[PDB]
Amino acid sequence: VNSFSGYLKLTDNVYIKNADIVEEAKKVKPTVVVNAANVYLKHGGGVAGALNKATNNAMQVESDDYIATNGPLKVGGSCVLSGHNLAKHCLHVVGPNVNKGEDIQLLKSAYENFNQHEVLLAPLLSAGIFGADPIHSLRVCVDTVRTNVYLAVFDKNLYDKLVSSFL
Ligand SMILES: OCC1(Nc2ncnc3[nH]ccc23)CCCC1
């Protein structure tokens with residue numbers, strides 16, 4: 001039993017809700033919140049910009065030190081950093097950005113990072129400003145993640161479409 005509330009159950013391990021991931025994180029304080037990161041951990045917009053803003057830019061400061069030490073992530077890769085005031089940990093995961101020409105096949109690799117964590121609050125990878133089809137992202141999530149994932153979909157209209165079209 002955990003403290004996630006109001007989610008629709010999609011499968012044994014995947015749950016979905018129309019919610020602002022920032023507000024969800026502030027309420028639940030999950031062990032792991034997933035950020036929709038880029039390889040530079042530059043948290044400018046989308047989910048990443050919103051999460052970083054909620055940390056008063058502390059996420060960005062930590063991220064800049066991480067990159068200065070380690071260099072960029074790989075598309076499809078991840079790193080674990082602090083969750084600041086939002087969660088114990090933030091798993092920064094890089095899905096392919098279609099608006100950059102990156103290979104959508106890397107979306108499965110990106111979701112594989114979730115399997116290293118027993119429970120996660122997460123957005124749909126490569127959706128929104130990353131330019132992939134969110135219906136496809138949901139399918140890859142369901143077919144790749146085996147741990148317990150609570151998906152926050154910001155856009156209510158998109159949420160309804162994802163539920164109604166889910167196979
Ligand atoms: O889930 C993926 C999407 N992005 C967010 N989800 C949840 N909370 C969010 N807060 C800010 C952005 C954001 C991308 C397109 C629609 C939802």
# chains A, B, ... in the order shown; residues from 1 in each chain; ligands from 1
>>> residues_near_ligand(ligand="ligand 1", cutoff="6 Å", atoms="only C-alpha atoms and all ligand atoms", output="VMD selection string")
chain A and resid 20 to 22 46 to 47 50 123 to 124 127 to 128 152 to 155
>>> write_last_selection(atoms="C-alpha atoms", output="CSV table (one decimal), in the first residue's frame")
chain,number,residue,atom,x,y,z
A,20,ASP,CA,0.3,18.4,-12.5
A,21,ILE,CA,3.4,16.3,-11.6
A,22,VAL,CA,4.7,19.2,-9.5
A,46,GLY,CA,8.0,21.3,-20.0
A,47,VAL,CA,8.1,19.0,-17.0
A,50,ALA,CA,8.3,23.1,-13.9
A,123,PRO,CA,5.5,11.7,-16.9
A,124,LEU,CA,5.1,10.1,-20.3
A,127,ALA,CA,5.6,13.4,-24.9
A,128,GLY,CA,4.7,17.1,-24.7
A,152,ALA,CA,0.8,12.1,-14.2
A,153,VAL,CA,-0.7,13.5,-17.5
A,154,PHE,CA,-0.9,17.3,-17.2
A,155,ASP,CA,-3.4,17.9,-20.1
>>> select_by_dssp(residues="chain A", states="alpha helix (DSSP H)", output="NGL selection string")
:A and (21-28 or 46-54 or 58-70 or 106-112 or 134-144 or 156-164)
>>> residues_around(residues="residue 140 of chain A", least_positions_apart="3", cutoff="9 Å", atoms="only C-alpha atoms", output="list in words")
residues 107, 108, 111, 135, 136, 137, 143, 144 and 145 of chain A
>>> atom_distance(atom1="atom CA of residue 94 of chain A", atom2="atom CA of residue 76 of chain A")
5.3 Å
>>> closest_residue(among="A:118, A:96, A:37, A:43", to="residue 78 of chain A", atoms="only C-alpha atoms")
A:37
>>> closest_atom_pairs(of="segment 111-147 of chain A", to="segment 38-42 of chain A", cutoff="12 Å", atoms="only C-alpha atoms", output="JSON lines")
{"residue": "A:125", "atom": "CA", "partner": "A:38", "partner_atom": "CA", "distance": 11.0}
{"residue": "A:126", "atom": "CA", "partner": "A:38", "partner_atom": "CA", "distance": 10.2}
{"residue": "A:129", "atom": "CA", "partner": "A:38", "partner_atom": "CA", "distance": 11.4}
{"residue": "A:130", "atom": "CA", "partner": "A:38", "partner_atom": "CA", "distance": 9.5}
>>> write_last_selection(atoms="N, CA and C atoms", output="compact mmCIF listing (two decimals), in the first residue's frame")
# COMPACT_ATOMS: atom_id res chain seq x y z
N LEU A 125 7.33 9.77 -21.12
CA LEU A 125 8.59 10.16 -21.73
C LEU A 125 8.40 10.49 -23.20
N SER A 126 9.14 11.49 -23.66
CA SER A 126 9.16 11.97 -25.04
C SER A 126 7.85 12.63 -25.47
N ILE A 129 6.58 18.64 -25.22
CA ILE A 129 7.53 19.35 -26.08
C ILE A 129 8.63 18.48 -26.65
N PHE A 130 8.76 17.21 -26.22
CA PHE A 130 9.69 16.30 -26.88
C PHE A 130 9.14 15.72 -28.18
